[PDB]
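S.K.: Starting from these lines, generate the structure:
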Amino acid sequence: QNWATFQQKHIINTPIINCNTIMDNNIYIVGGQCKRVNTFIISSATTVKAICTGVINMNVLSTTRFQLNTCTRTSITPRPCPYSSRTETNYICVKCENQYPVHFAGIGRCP
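M.R.: Residues are numbered from 1 along each chain as shown. This is the structure:
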């Protein structure tokens, strides 16, 4: 991956109720129709860069709360995929390469 394209990876800081117009790009689609969970994170990419600071390859997890903005593919009002936006505490597991979060490990619970 890269720091610029990853800038979108964790920092899709869009305070609007339109998760499609913000993710309108070939970098946000799977092999079917739309993604089941377009989880975005609302926070400065550098604060996330501090929690992933350790070595040139590791696994860390934001235990405090990096406030996430998740648009989950639910149902009703298909356009064609309906999304329910909900913001809350972000306890997630990030991965660090080159010391910057180059990959997302997934949810908070990590090994």
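S.K.: Going by C-alpha atoms from here, please, whenever you check contacts or count neighbours.
M.R.: Fine.
S.K.: can you tell me how far residue 20 sits from residue 57?
M.R.: Plainly put, residue 20 is 32 Å away from residue 57 if you go by C-alpha to C-alpha, to the nearest Å.
S.K.: Tell me which strands the helix or strand hosting residue 105 pairs with, and in which orientation.
M.R.: For residue 105, the enclosing helix or strand under DSSP states H and E is strand 100-107. Strand 100-107 sits in its sheet next to strand 92-97 (antiparallel), going by DSSP bridges.
S.K.: List the contacts of the partner strand.
M.R.: 52-63, 101-110 (C-alpha atoms under 8 Å, 6 or more residues apart in numbering).
S.K.: next one: it to chain centre, how far?
M.R.: 11 Å (C-alpha atoms, centre = their mean, to the nearest Å).
S.K.: first vs last residue of stretch 57-70, how far apart are they?
M.R.: Note: stretch 57-70 ends 27 Å apart using C-alpha to C-alpha.
S.K.: what residue is smack in the middle of the protein?
M.R.: By C-alpha atoms, centre = their mean, the chain has its centre lying nearest to residue 40, at 3.6 Å.
S.K.: From residue 106, how far off is that residue?
M.R.: With C-alpha to C-alpha as the criterion, residue 40 and residue 106 are 12 Å apart.
S.K.: about what we covered before: can you go through the contacts of strand 92-97 and name the buried ones?
M.R.: 52-53, 59-62, 101-105 (16 or more other C-alpha atoms under 10 Å).
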